[PDB]
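Colleague: Handing you a structure now.
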Amino acid sequence: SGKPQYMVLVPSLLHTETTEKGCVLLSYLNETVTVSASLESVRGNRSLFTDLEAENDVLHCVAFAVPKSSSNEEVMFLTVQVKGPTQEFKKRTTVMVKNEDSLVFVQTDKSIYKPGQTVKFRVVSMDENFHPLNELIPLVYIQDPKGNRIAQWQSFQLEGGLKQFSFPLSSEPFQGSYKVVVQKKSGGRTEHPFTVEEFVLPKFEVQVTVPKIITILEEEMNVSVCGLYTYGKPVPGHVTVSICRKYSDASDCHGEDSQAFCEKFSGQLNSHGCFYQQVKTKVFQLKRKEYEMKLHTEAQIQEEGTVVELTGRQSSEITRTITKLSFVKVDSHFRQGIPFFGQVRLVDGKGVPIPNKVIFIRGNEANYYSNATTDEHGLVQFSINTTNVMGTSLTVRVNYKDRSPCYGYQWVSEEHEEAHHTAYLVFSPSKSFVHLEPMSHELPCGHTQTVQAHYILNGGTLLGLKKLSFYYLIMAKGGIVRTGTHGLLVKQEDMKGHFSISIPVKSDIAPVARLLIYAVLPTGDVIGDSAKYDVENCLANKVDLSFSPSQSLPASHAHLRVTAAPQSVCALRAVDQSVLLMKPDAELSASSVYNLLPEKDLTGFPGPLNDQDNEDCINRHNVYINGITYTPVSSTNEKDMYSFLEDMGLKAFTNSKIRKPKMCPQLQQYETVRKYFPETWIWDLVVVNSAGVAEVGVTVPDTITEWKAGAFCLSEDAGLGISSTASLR
Amino acid sequence: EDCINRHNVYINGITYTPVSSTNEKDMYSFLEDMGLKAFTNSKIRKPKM
Amino acid sequence: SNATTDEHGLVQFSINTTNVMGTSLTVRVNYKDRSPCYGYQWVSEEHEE
Ligand SMILES: *[C@@H]1O[C@H](CO)[C@@H](O[C@@H]2O[C@H](CO)[C@@H](O[C@@H]3O[C@H](CO)[C@@H](O)[C@H](O)[C@@H]3O)[C@H](O)[C@H]2NC(C)=O)[C@H](O)[C@H]1NC(C)=O
Ligand SMILES: *[C@@H]1O[C@H](CO)[C@@H](O)[C@H](O)[C@H]1NC(C)=O
Ligand SMILES: *[C@@H]1O[C@H](CO)[C@@H](O)[C@H](O)[C@H]1NC(C)=O
Ligand SMILES: *[C@@H]1O[C@H](CO)[C@@H](O)[C@H](O)[C@H]1NC(C)=O
């Protein structure tokens, strides 16, 4: 009636002495089973033995934990044993232990700084999860590039899983980027740098603009240039540019000046609004062997005469290809019981595909060709008919393919982008599989999302019964996040595809969700595949600030009302934005900490184990051959079942087949940026009342610009917290 | 003799190579190494290449 | 399965086949050349197998 299938879902990744979900599959009932995953040592003392009461048709996942290891990493062999009363089976795989750490980072006002000041910085620690973590440290120190520690503290402990600091500064350091150092008890190194320079602020504010990406056909170059040396005085005078076609063709012995052109669309500087300029690309002869351009502006000053020149935007953009299209949501892998959606769009300079440009959908080897055209957004969506072999490789054009060069030099050259794709199949010995469409688009949080996926069942069901089972599963941070299950209705012969599913979006998942579902069968074949989904940045504890409103200067008395979970600790870096405008937070965001996270996923193969040996081989089963002919031994490159276990990112131990090409050994063979005041306005720490604290802000008058906070909050009552943006005028 | 370009080439398993039975010691090879022909409903005759 | 020449008898041997059509046998199957460096690549050491 039912042949048993067992499968124990075992992320070989071990986050230590922490809850990490693991689980099992069993169905099609049989006598008795109480299996045990034992990571026995050479002796059997380092056994990570977890024997557990088991049954059929159930999902009930224990997140047991493990004490510390001897090494930081150590491969140990894992023979889960099939504790049946009359059947016992093993298979040894290395386990990817790791004495992994709790995670940390650093906060500073800036990286560049001013000489002679005191830097102010803070330090943080949390865990795998995004909750705080109070804990000591070995040490900390700032280091200078000369191999030496300019600042240091020793083995403090955190009040709330963080600490704030400062450090003075000499006015005579080495002008260079300096850095800070901490080591965990393991030796866990984090790094957050900081430079200093009292470079002279250039008086002038000469600013140029120009189009970047050019093509084989243009008409206009709408170039805006304006110099307000103080940001608020565009001088009444003249301006002249030097813009020039340039670039000897990779030749330097020419002994001359390689300017192909030099035009000066000079003009009278107007204080109204700004000077602007609008130059044409025709006189520049925007031709193929009309060579690269360079841009350099003569910004002359009135009643001073100390004229400035600036080479900005100068390095032109040799657009070797013209009419550049791409893919959009092209299914990286496809299937055979469905005509399926790839997608492609187009961009060109400004990023404007011609409306209703019709295309040449060269999706072949099924020779399903059927033209289409661009939607509003360049895009296009399309199924393609399916009775062919595993390999399929597709492409689409508006132009047509030419492989027609006359002579192998072709210094003469031209190109148009083509979105060609190669694809491979899925298994289906089990005679049922799904195609889970991707959600590779917008993803708001604090919701759920019914997924769209379409099962088949080849040959209907050979027997099946009234009801089989299907389960949908997601890994997270080395542990499964949730347990998804379902069943379908009764039918003995059909090809249906209207399956139901959903999952709630909050948090608690890698930046992706390798969601996986599979086709549990009574006949020892199970077919699935992962399904990777975006995880857009959203936090446990949201929060927002608000200030005593932005008004005239002198009013020192202000506020900064901030309102979050009832209890927390909080950074309060109320600062000037223009210094952050100067150098954006290329190294700070909520998304940052999501990705400053290391080891979000790690397929278990990684470095330590090159592979896993298993029992069968390809030469085996030397019994009668095909009746029609002789079928030798060979295989397919298509995406596979055993690998869907590693596409999940884990291993397992099973009787349902993964029988495919292992091997036989020896068969028969035997730039410069503007700056204003670096003055860091506010920097402090507070704790929220239950109702949302508000701190009287102190105006820094007599300095008007864009203003902003670098604040941040934290607690275990709701995890960390950030209102990632609220500026001030 | 066969006048057949091909039969069911495309198959899940390995594509059979020969239209008719060809081997070093096949069945009709016994009739050939005899040197005699025959006319039969069982599987004997072939063209060579 | 090694054997030996009888004074009155030659080798009378069987091998148990459990595989596909492609087969081939030999004896004195230890080396074809006693010495591969033989000399100046000018005269090949050949003994019957
Ligand atoms: C390519 O696309 C076409 C649809 O335009 C798919 O054709 C579909 O094929 C299935 C299976 O043959 C059809 O179901 C049954 O077909 C038989 C044909 O004799 C019919 O007698 C049954 O009543 C039943 O309809 C299905 O009807 C058909 N699509 C439509 C129009 O309903 C085809 O499967 C696609 N390529 C492949 C083979 O993946
Ligand atoms: C279940 O599977 C085992 C192994 O094939 C077998 O020994 C047993 O007879 C099967 N049936 C039951 C009901 O135990
Ligand atoms: C196993 O070895 C460890 C090493 O510390 C020891 O503590 C323990 O007592 C030994 N035996 C067990 C499993 O208790
Ligand atoms: C030759 O085969 C016999 C019969 O089994 C065996 O006893 C003997 O060890 C073999 N001789 C050699 C070369 O060892």
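Just so we're on the same page: first chain in the structure tokens is A, next is B, and so on; residues restart at 1 for each chain, and ligands are numbered from 1 in the order they show up.
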Do me a favour and pick out the residues of chain B within 12 Å of chain A, using only C-alpha atoms, as a short mmCIF file (atom, residue, chain, number, x, y, z; two decimals) with N, CA and C atoms, in the first residue's frame.
Modeller:
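Output file selection.cif follows:
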data_model
loop_
_atom_site.label_atom_id
_atom_site.label_comp_id
_atom_site.auth_asym_id
_atom_site.auth_seq_id
_atom_site.Cartn_x
_atom_site.Cartn_y
_atom_site.Cartn_z
N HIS B 7 13.76 5.66 -37.78
CA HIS B 7 12.58 5.37 -36.97
C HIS B 7 12.70 6.19 -35.68
N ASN B 8 12.03 5.79 -34.60
CA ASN B 8 11.83 6.66 -33.44
C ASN B 8 13.16 7.02 -32.78
N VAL B 9 13.80 8.06 -33.35
CA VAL B 9 15.09 8.52 -32.83
C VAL B 9 14.93 9.05 -31.42
N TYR B 10 14.08 10.06 -31.26
CA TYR B 10 14.11 10.94 -30.10
C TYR B 10 13.39 10.26 -28.94
N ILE B 11 14.14 9.98 -27.87
CA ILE B 11 13.65 9.14 -26.79
C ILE B 11 14.30 9.59 -25.49
N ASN B 12 13.57 9.38 -24.38
CA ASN B 12 14.11 9.65 -23.05
C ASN B 12 15.44 8.94 -22.84
N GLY B 13 15.47 7.63 -23.06
CA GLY B 13 16.72 6.90 -23.01
C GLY B 13 17.67 7.31 -24.11
N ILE B 14 18.69 6.48 -24.32
CA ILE B 14 19.67 6.76 -25.36
C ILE B 14 19.07 6.45 -26.72
N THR B 15 19.30 7.36 -27.67
CA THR B 15 18.88 7.11 -29.04
C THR B 15 19.58 5.87 -29.58
N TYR B 16 18.78 4.88 -29.95
CA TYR B 16 19.30 3.72 -30.67
C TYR B 16 19.98 4.19 -31.94
N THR B 17 21.12 3.59 -32.26
CA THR B 17 21.85 3.97 -33.46
C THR B 17 21.37 3.29 -34.74
N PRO B 18 21.15 1.94 -34.78
CA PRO B 18 20.98 1.28 -36.08
C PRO B 18 19.53 1.10 -36.54
N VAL B 19 19.27 1.26 -37.84
CA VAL B 19 17.93 1.02 -38.36
C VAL B 19 17.59 -0.47 -38.27
N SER B 20 18.54 -1.33 -38.62
CA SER B 20 18.37 -2.77 -38.61
C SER B 20 19.51 -3.40 -37.83
N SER B 21 19.31 -4.65 -37.41
CA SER B 21 20.25 -5.31 -36.52
C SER B 21 21.63 -5.44 -37.17
N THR B 22 22.63 -4.81 -36.55
CA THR B 22 24.02 -4.88 -37.00
C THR B 22 24.89 -5.24 -35.81
N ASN B 23 25.66 -6.31 -35.94
CA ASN B 23 26.57 -6.75 -34.89
C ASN B 23 27.63 -7.61 -35.55
#
Colleague: Just need the residues of chain C within 12 Å of chain B, counting only C-alpha atoms, so spit them out as a ChimeraX atom specification.
Modeller: /C:21-23
Colleague: Provide the CA of residue 318 (chain A) to CA of residue 395 (chain A) distance in Å, to one decimal place.
Modeller: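 Going from CA of residue 318 (chain A) over to CA of residue 395 (chain A), I get 25.7 Å.
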Colleague: Output the neighbourhood of ligand 1 as a ChimeraX atom specification, that is, all protein and nucleic acid residues with some atom at most 9 Å from the ligand, counting only C-alpha atoms and all ligand atoms.
Modeller: /A:336-339,383-388,495
Colleague: Residues of chain A near chain C: apply a cut-off of 10 Å, count only C-alpha atoms, and supply the list as an MDAnalysis selection string.
Modeller: chainID A and resid 622:625 630
Colleague: Give the residue list for ligand 4 at 10 Å, counting only C-alpha atoms and all ligand atoms, as a PyMOL selection string, sorted by chain and then by residue number.
Modeller: chain C and resi 1-4
Colleague: Limited to N, CA and C atoms, could you put the picked residues into a file as a PDB file, in the first residue's frame?
Modeller:
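again-v4.pdb, written as the output of this step:
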ATOM      1  N   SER C   1      42.087 -16.174 -13.249  1.00  0.00           N
ATOM      2  CA  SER C   1      42.400 -17.411 -12.545  1.00  0.00           C
ATOM      3  C   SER C   1      43.593 -18.047 -13.237  1.00  0.00           C
ATOM      4  N   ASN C   2      44.766 -17.896 -12.632  1.00  0.00           N
ATOM      5  CA  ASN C   2      45.988 -18.453 -13.190  1.00  0.00           C
ATOM      6  C   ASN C   2      45.871 -19.958 -13.392  1.00  0.00           C
ATOM      7  N   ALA C   3      46.693 -20.472 -14.300  1.00  0.00           N
ATOM      8  CA  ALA C   3      46.779 -21.897 -14.577  1.00  0.00           C
ATOM      9  C   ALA C   3      48.207 -22.189 -15.004  1.00  0.00           C
ATOM     10  N   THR C   4      48.430 -23.381 -15.544  1.00  0.00           N
ATOM     11  CA  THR C   4      49.760 -23.790 -15.959  1.00  0.00           C
ATOM     12  C   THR C   4      49.624 -24.819 -17.067  1.00  0.00           C
TER      13      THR C   4
END
Colleague: Residues up to 12 Å from ligand 2, counting only C-alpha atoms and all ligand atoms: could you list those as a list in words?
Modeller: residues 1, 2, 3, 4, 5, 6, 26, 27, 28, 29, 30, 31, 32, 33, 56, 82, 83, 84, 85, 86, 87, 88, 89, 522, 524, 655 and 656 of chain A
Colleague: Would you save the residues from that selection as a compact mmCIF listing (two decimals), in the first residue's frame, using N, CA and C atoms?
Modeller:
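Output (again_32.txt):
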# COMPACT_ATOMS: atom_id res chain seq x y z
N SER A 1 0.83 -1.20 0.00
CA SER A 1 0.00 0.00 0.00
C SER A 1 0.87 1.25 0.00
N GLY A 2 1.70 1.39 1.03
CA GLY A 2 2.60 2.52 1.16
C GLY A 2 4.00 2.10 1.52
N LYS A 3 4.94 2.40 0.64
CA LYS A 3 6.35 2.20 0.89
C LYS A 3 6.90 3.41 1.64
N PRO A 4 7.64 3.26 2.74
CA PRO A 4 8.00 4.44 3.53
C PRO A 4 9.06 5.27 2.84
N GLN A 5 8.96 6.58 3.02
CA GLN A 5 10.01 7.50 2.67
C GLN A 5 10.35 8.28 3.92
N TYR A 6 11.63 8.33 4.24
CA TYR A 6 12.12 9.13 5.35
C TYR A 6 13.06 10.18 4.82
N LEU A 26 8.29 11.93 7.19
CA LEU A 26 7.97 10.52 7.07
C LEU A 26 6.48 10.35 6.78
N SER A 27 6.16 9.32 5.99
CA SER A 27 4.80 9.06 5.55
C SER A 27 4.74 7.64 4.99
N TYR A 28 3.56 7.26 4.50
CA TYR A 28 3.31 5.95 3.89
C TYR A 28 3.72 4.84 4.86
N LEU A 29 2.89 4.74 5.90
CA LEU A 29 3.29 4.24 7.20
C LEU A 29 3.92 2.85 7.12
N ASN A 30 4.76 2.59 8.13
CA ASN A 30 5.54 1.37 8.29
C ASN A 30 5.68 1.13 9.80
N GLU A 31 6.42 0.09 10.18
CA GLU A 31 6.30 -0.47 11.53
C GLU A 31 6.65 0.49 12.67
N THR A 32 7.92 0.92 12.79
CA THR A 32 8.33 1.78 13.89
C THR A 32 9.60 2.52 13.48
N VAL A 33 9.77 3.73 14.01
CA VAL A 33 10.91 4.58 13.69
C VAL A 33 11.16 5.57 14.83
N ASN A 56 4.58 9.24 11.19
CA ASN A 56 4.27 9.56 9.81
C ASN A 56 3.35 10.77 9.74
N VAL A 82 18.65 4.81 11.03
CA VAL A 82 17.23 4.62 10.81
C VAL A 82 16.73 3.66 11.87
N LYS A 83 16.40 4.19 13.05
CA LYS A 83 16.00 3.36 14.18
C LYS A 83 14.63 2.72 13.94
N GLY A 84 14.61 1.78 13.00
CA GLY A 84 13.50 0.88 12.84
C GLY A 84 13.75 -0.39 13.63
N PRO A 85 12.70 -1.13 13.97
CA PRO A 85 12.91 -2.32 14.81
C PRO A 85 13.53 -3.47 14.04
N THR A 86 13.34 -3.48 12.72
CA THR A 86 13.91 -4.49 11.84
C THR A 86 14.74 -3.90 10.71
N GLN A 87 14.89 -2.57 10.66
CA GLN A 87 15.65 -1.91 9.60
C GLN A 87 16.48 -0.80 10.22
N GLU A 88 17.76 -0.76 9.86
CA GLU A 88 18.71 0.24 10.35
C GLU A 88 19.61 0.64 9.20
N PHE A 89 19.74 1.94 8.97
CA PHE A 89 20.50 2.45 7.84
C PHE A 89 21.21 3.74 8.24
N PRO A 522 4.36 8.23 -2.84
CA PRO A 522 4.52 6.91 -2.22
C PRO A 522 5.59 6.04 -2.87
N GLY A 524 8.87 6.71 -3.73
CA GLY A 524 10.28 6.98 -3.50
C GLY A 524 10.88 8.01 -4.43
N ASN A 655 15.68 7.42 1.68
CA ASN A 655 15.52 6.26 0.80
C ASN A 655 14.93 6.61 -0.56
N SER A 656 14.02 7.58 -0.63
CA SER A 656 13.57 8.15 -1.89
C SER A 656 14.77 8.57 -2.73
Colleague: If you measure from CA of residue 446 (chain A) to CA of residue 599 (chain A), what distance in Å do you get, rounded to one decimal?
Modeller: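 Going from CA of residue 446 (chain A) over to CA of residue 599 (chain A), I get 24.7 Å.
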Colleague: Ligand 3: which residues are within 12 Å, counting only C-alpha atoms and all ligand atoms, as an MDAnalysis selection string?
Modeller: chainID A and resid 40:49 67:70
Colleague: Identify, with DSSP run on backbone atoms, the residues in chain B assigned to helix (DSSP H, G or I), and express the list as a list in words.
Modeller: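 DSSP on the backbone gives helix (DSSP H, G or I) at residues 27, 28, 29, 30, 31, 32, 33 and 34 of chain B.
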Colleague: Selection from above, N, CA, C and O atoms, as an mmCIF file, in the first residue's frame, can you write it?
Modeller:
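Okay, this is what ended up in part-v8.cif:
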data_model
loop_
_atom_site.group_PDB
_atom_site.id
_atom_site.type_symbol
_atom_site.label_atom_id
_atom_site.label_comp_id
_atom_site.auth_asym_id
_atom_site.auth_seq_id
_atom_site.Cartn_x
_atom_site.Cartn_y
_atom_site.Cartn_z
ATOM 1 N N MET B 27 21.961 -12.435 -35.467
ATOM 2 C CA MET B 27 21.204 -13.622 -35.852
ATOM 3 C C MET B 27 21.334 -13.905 -37.339
ATOM 4 O O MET B 27 21.755 -14.995 -37.743
ATOM 5 N N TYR B 28 20.965 -12.934 -38.170
ATOM 6 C CA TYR B 28 21.074 -13.096 -39.610
ATOM 7 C C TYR B 28 22.519 -13.228 -40.060
ATOM 8 O O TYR B 28 22.770 -13.742 -41.152
ATOM 9 N N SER B 29 23.480 -12.812 -39.236
ATOM 10 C CA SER B 29 24.870 -13.111 -39.544
ATOM 11 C C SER B 29 25.132 -14.607 -39.577
ATOM 12 O O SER B 29 26.058 -15.041 -40.259
ATOM 13 N N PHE B 30 24.328 -15.405 -38.876
ATOM 14 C CA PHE B 30 24.493 -16.851 -38.949
ATOM 15 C C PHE B 30 24.009 -17.361 -40.292
ATOM 16 O O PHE B 30 24.651 -18.213 -40.917
ATOM 17 N N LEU B 31 22.902 -16.804 -40.762
ATOM 18 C CA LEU B 31 22.427 -17.111 -42.097
ATOM 19 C C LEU B 31 23.414 -16.647 -43.155
ATOM 20 O O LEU B 31 23.511 -17.252 -44.229
ATOM 21 N N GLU B 32 24.142 -15.568 -42.871
ATOM 22 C CA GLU B 32 25.101 -15.040 -43.833
ATOM 23 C C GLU B 32 26.373 -15.879 -43.854
ATOM 24 O O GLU B 32 26.874 -16.236 -44.927
ATOM 25 N N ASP B 33 26.913 -16.213 -42.677
ATOM 26 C CA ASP B 33 28.125 -17.021 -42.635
ATOM 27 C C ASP B 33 27.854 -18.447 -43.079
ATOM 28 O O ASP B 33 28.789 -19.149 -43.477
ATOM 29 N N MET B 34 26.600 -18.894 -43.020
ATOM 30 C CA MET B 34 26.209 -20.030 -43.838
ATOM 31 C C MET B 34 26.472 -19.726 -45.306
ATOM 32 O O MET B 34 27.249 -20.418 -45.974
#
Colleague: Would you compute the distance between CA of residue 294 (chain A) and CA of residue 216 (chain A)? Give it in Å to one decimal.
Modeller: 17.6 Å
Colleague: Just list the residues in region 481-675 of chain A DSSP gives strand (DSSP E) on the backbone, as a ChimeraX atom specification.
Modeller: /A:481-487,504-505,512-519,527-534,544-547,560-563,569-572,574-576
Colleague: Write a file of the selected residues as a compact mmCIF listing (two decimals), in the first residue's frame, keeping N, CA, C and O atoms.
Modeller:
# COMPACT_ATOMS: atom_id res chain seq x y z
N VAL A 481 12.41 28.98 9.19
CA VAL A 481 11.65 30.07 9.80
C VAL A 481 10.24 29.62 10.16
O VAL A 481 9.70 30.05 11.18
N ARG A 482 9.65 28.73 9.37
CA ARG A 482 8.27 28.34 9.56
C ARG A 482 8.05 26.99 8.89
O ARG A 482 8.91 26.50 8.15
N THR A 483 6.89 26.41 9.16
CA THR A 483 6.51 25.09 8.67
C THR A 483 5.25 25.24 7.83
O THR A 483 4.17 25.54 8.36
N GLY A 484 5.39 25.04 6.52
CA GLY A 484 4.28 25.16 5.60
C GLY A 484 3.82 23.80 5.12
O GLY A 484 4.62 23.00 4.63
N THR A 485 2.52 23.55 5.25
CA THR A 485 1.92 22.28 4.85
C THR A 485 0.59 22.52 4.17
O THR A 485 -0.02 23.59 4.28
N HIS A 486 0.13 21.48 3.48
CA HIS A 486 -1.16 21.51 2.80
C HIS A 486 -1.45 20.12 2.26
O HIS A 486 -0.59 19.24 2.24
N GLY A 487 -2.70 19.94 1.85
CA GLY A 487 -3.10 18.80 1.04
C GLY A 487 -4.04 19.25 -0.06
O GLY A 487 -4.66 20.31 0.02
N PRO A 504 3.38 34.80 6.06
CA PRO A 504 3.35 36.19 6.53
C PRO A 504 4.71 36.88 6.43
O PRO A 504 5.74 36.31 6.79
N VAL A 505 4.69 38.13 5.96
CA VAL A 505 5.91 38.94 5.86
C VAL A 505 5.98 39.83 7.08
O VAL A 505 5.14 40.72 7.28
N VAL A 512 17.23 37.16 1.40
CA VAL A 512 16.41 36.40 0.47
C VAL A 512 15.64 35.37 1.29
O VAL A 512 15.86 35.20 2.49
N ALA A 513 14.69 34.72 0.63
CA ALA A 513 13.95 33.59 1.18
C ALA A 513 13.98 32.47 0.16
O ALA A 513 13.12 32.41 -0.72
N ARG A 514 14.93 31.55 0.31
CA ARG A 514 15.02 30.39 -0.58
C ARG A 514 13.86 29.45 -0.28
O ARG A 514 14.07 28.34 0.22
N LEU A 515 12.65 29.89 -0.56
CA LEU A 515 11.48 29.10 -0.22
C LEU A 515 11.43 27.87 -1.11
O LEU A 515 11.60 27.97 -2.32
N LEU A 516 11.17 26.71 -0.51
CA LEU A 516 11.20 25.45 -1.23
C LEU A 516 9.97 24.62 -0.90
O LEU A 516 9.50 24.59 0.24
N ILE A 517 9.47 23.94 -1.93
CA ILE A 517 8.33 23.05 -1.85
C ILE A 517 8.66 21.81 -2.67
O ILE A 517 9.47 21.88 -3.60
N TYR A 518 8.02 20.69 -2.34
CA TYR A 518 8.39 19.41 -2.93
C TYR A 518 7.18 18.49 -2.99
O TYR A 518 6.18 18.69 -2.30
N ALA A 519 7.32 17.42 -3.78
CA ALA A 519 6.21 16.57 -4.20
C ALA A 519 6.35 15.18 -3.58
O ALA A 519 6.89 14.26 -4.19
N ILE A 527 9.89 15.48 -5.87
CA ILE A 527 10.35 16.54 -6.76
C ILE A 527 9.92 17.87 -6.17
O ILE A 527 8.77 18.04 -5.76
N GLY A 528 10.86 18.81 -6.13
CA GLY A 528 10.59 20.16 -5.68
C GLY A 528 11.50 21.14 -6.38
O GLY A 528 12.01 20.84 -7.45
N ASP A 529 11.66 22.33 -5.80
CA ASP A 529 12.75 23.24 -6.11
C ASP A 529 12.61 24.43 -5.16
O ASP A 529 11.51 24.73 -4.69
N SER A 530 13.73 25.10 -4.90
CA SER A 530 13.66 26.29 -4.09
C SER A 530 12.94 27.40 -4.84
O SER A 530 12.58 27.28 -6.02
N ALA A 531 12.72 28.50 -4.13
CA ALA A 531 12.03 29.65 -4.69
C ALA A 531 12.52 30.85 -3.89
O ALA A 531 12.10 31.06 -2.75
N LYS A 532 13.44 31.59 -4.48
CA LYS A 532 14.10 32.68 -3.79
C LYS A 532 13.26 33.93 -3.91
O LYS A 532 12.77 34.26 -4.99
N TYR A 533 13.08 34.62 -2.78
CA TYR A 533 12.23 35.80 -2.73
C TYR A 533 12.92 36.90 -1.94
O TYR A 533 13.58 36.64 -0.94
N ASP A 534 12.74 38.13 -2.43
CA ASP A 534 13.32 39.29 -1.78
C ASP A 534 12.86 39.39 -0.34
O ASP A 534 11.82 38.84 0.04
N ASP A 544 9.77 57.05 15.13
CA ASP A 544 9.97 58.28 14.40
C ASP A 544 10.32 59.38 15.38
O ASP A 544 9.83 59.41 16.51
N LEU A 545 11.17 60.28 14.92
CA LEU A 545 11.47 61.48 15.66
C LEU A 545 10.51 62.58 15.26
O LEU A 545 9.68 62.44 14.36
N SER A 546 10.66 63.72 15.92
CA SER A 546 10.09 64.98 15.48
C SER A 546 10.65 66.06 16.37
O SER A 546 10.90 65.83 17.55
N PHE A 547 10.82 67.25 15.79
CA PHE A 547 11.54 68.33 16.43
C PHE A 547 10.65 69.54 16.62
O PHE A 547 9.61 69.68 15.97
N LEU A 560 13.37 67.37 20.38
CA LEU A 560 13.39 66.24 19.47
C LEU A 560 12.56 65.14 20.10
O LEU A 560 13.06 64.32 20.87
N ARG A 561 11.28 65.15 19.77
CA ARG A 561 10.36 64.13 20.23
C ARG A 561 10.56 62.88 19.42
O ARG A 561 10.52 62.92 18.19
N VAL A 562 10.79 61.77 20.11
CA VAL A 562 10.97 60.48 19.47
C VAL A 562 10.17 59.45 20.25
O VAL A 562 10.10 59.49 21.48
N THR A 563 9.57 58.53 19.52
CA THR A 563 8.47 57.73 20.04
C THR A 563 8.55 56.33 19.45
O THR A 563 8.36 56.15 18.25
N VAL A 569 17.18 51.84 24.78
CA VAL A 569 18.32 52.73 24.82
C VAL A 569 18.46 53.30 23.42
O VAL A 569 18.11 52.63 22.44
N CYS A 570 18.93 54.53 23.33
CA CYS A 570 18.94 55.18 22.03
C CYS A 570 20.13 56.09 21.83
O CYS A 570 20.51 56.84 22.73
N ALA A 571 20.74 55.96 20.65
CA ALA A 571 21.64 56.95 20.12
C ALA A 571 20.86 58.16 19.65
O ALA A 571 19.73 58.05 19.16
N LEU A 572 21.47 59.33 19.81
CA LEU A 572 20.85 60.59 19.40
C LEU A 572 21.95 61.43 18.78
O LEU A 572 22.61 62.22 19.47
N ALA A 574 21.97 64.10 16.51
CA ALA A 574 21.32 65.18 15.77
C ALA A 574 22.41 66.07 15.20
O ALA A 574 23.17 66.68 15.95
N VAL A 575 22.51 66.12 13.88
CA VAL A 575 23.71 66.58 13.21
C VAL A 575 23.32 67.45 12.02
O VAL A 575 22.14 67.73 11.77
N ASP A 576 24.34 67.92 11.32
CA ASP A 576 24.16 68.57 10.04
C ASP A 576 24.14 67.53 8.94
O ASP A 576 24.92 66.58 8.94
Colleague: Rank A:538, A:453, A:214, A:119 by their smallest atom-to-atom distance to residue 501 (chain A), using only C-alpha atoms, and report the top residue only.
Modeller: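 Using only C-alpha atoms, residue 501 (chain A) sits closest to A:453.
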